[PDB]
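Notes for the one structure printed next.
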Amino acid sequence: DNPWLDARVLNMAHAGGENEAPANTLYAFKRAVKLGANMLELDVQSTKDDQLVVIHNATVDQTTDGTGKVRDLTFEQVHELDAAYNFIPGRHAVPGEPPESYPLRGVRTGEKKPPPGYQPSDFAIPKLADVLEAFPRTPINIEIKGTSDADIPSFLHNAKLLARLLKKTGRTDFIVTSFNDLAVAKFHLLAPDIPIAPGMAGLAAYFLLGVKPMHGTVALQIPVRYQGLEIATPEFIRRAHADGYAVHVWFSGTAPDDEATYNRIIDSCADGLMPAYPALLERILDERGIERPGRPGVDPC
Ligand SMILES: [Ca+2]
């Protein structure tokens, strides 16, 4: 009796929609919900002063105008940065290109008017607390990040910080995960009432050998392909559902962000997709009349 098996089909904005909007910004998130996304996917790191901010990389270089590790800088240092400084529609964030490539560079900083309905703070690195305040009713998928693949304490620390904040909200409509299994395990010990999805080790043990993942796991969040191996296949998704696990599929290089690819995944009975183009997926789901939570529609299986 797992309520996430009934939550389908989900349009989960990947970082708010990294190809249609500046990733991990209050703008991208607010936009993504207005377009009808069922859930927000985001990434969290911590500042020098133990503040959980929403940002994927461990450095601010790629998505902003600054430099250095997030853990190395004040929250006030990082809130001043232009979090759309390198955003190009259809290409996420690529620095070092002609300045007219970036339609939102400069609105955070005050040199260009914000789009109708938004203020400059909507284009900075936000506190996770701010996002939770802005979306009290919207479910949030939260991935724990670290500063390096060898710096395991940094993951463990963010998991400690995340459990505290999330316990204070008294909400349980989250899914918390990370690539680092220890970090998920540490989070599950400190916040046992928050749903989780396993790390790579848990994922591989379940996928390659059938070892059921950590208790409290309520979905598997998988790429489409991994090192040449097709992961989001109907046969695998059939097996996960049989064991009582929802399946959410992300892309981010492992497969295109296509109409065709999205449709393959929908047809494979995935319960949620994590698109870089969430507006696109909405159009696809609406045209196909696919069932959504609380909305009538057809089941692809
Ligand atoms: Ca992520």
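All Cβ positions, even for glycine, are placed from backbone atoms using ideal geometry, and neighbour counts span all protein chains on display. Each value in this text was obtained by applying a stated rule to the coordinates, not by laboratory testing.
Magnitude of the charge dipole for the chain, about its Cα centre and with charges confined to Cβ atoms of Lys, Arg (+1) and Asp, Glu (-1), is about 540 debye. Helix 181-190 and the long axis of the chain differ in direction by around 90°, with both axes built from C-alpha atoms. Could you please state, rounded to a whole Å, how far the C-alpha centre of region 63-115 is from the C-alpha centre of region 267-296? That distance is 30 Å.
Computed extension length for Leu190-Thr169: 6.1 nm, one decimal, from 0.36 nm per residue of separation with the Cα-Cα distance subtracted. Straight-line cross-link reach from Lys48 at under 29 Å between alpha-carbon atoms covers these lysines, not counting any fewer than eight positions away in the same chain: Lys30, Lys69, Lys127, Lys145, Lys160, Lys167, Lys168, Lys186.
With point charges of +1 on the Cβ of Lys and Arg and -1 on the Cβ of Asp and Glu, referenced to the Cα centre of the chain, which listed residue (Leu281, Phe155, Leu165) lies farthest in the positive direction of the dipole? Of the options given, the answer is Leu165.
For region 181-275, what is the charge dipole size about the Cα centre, in debye to the nearest 20, if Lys and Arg each add +1 at the Cβ and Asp and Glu each add -1 at the Cβ? All intermediate terms of the calculation are to be shown ahead of the outcome.
Details: 6 positive and 10 negative charges, 63 e Å.
The dipole of region 181-275 has a size of about 300 debye.
For region 33-48 versus region 136-177, the inter-centroid distance based on Cα atoms is 12 Å. Near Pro103, once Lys and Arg are set to +1 and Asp and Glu to -1 for all other residues with Cβ below 14 Å from its Cβ, the sum equals +1. Dividing the convex hull volume of the alpha carbon atoms of region 93-204 by its residue count gives 148 Å³ per residue. Mean residue ellipticity, 222 nm, helices only, the chain: the sum of -39500 (n - 2.57) across DSSP H runs of n ≥ 4, divided by residue count and rounded to 500, is -8500 deg cm²/dmol. For region 188-280, the Kirkwood hydrodynamic radius comes to 13.8 Å, computed from all pairs of different C-alpha atoms. Summing Cβ point charges (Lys, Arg +1; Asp, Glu -1) relative to the Cα centre of region 130-252 gives a dipole of roughly 280 debye. By the compact-protein rule of thumb, 2.2 N^0.38 Å, the alpha-carbon radius of gyration of the chain corresponds to a ratio of 0.96.
Just in region 111-185: which GluC sites (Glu not before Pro) are loop by DSSP and have at most 12 other Cβ atoms within 10 Å? Sparse-neighbourhood loop GluC sites (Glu not before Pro): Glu111.
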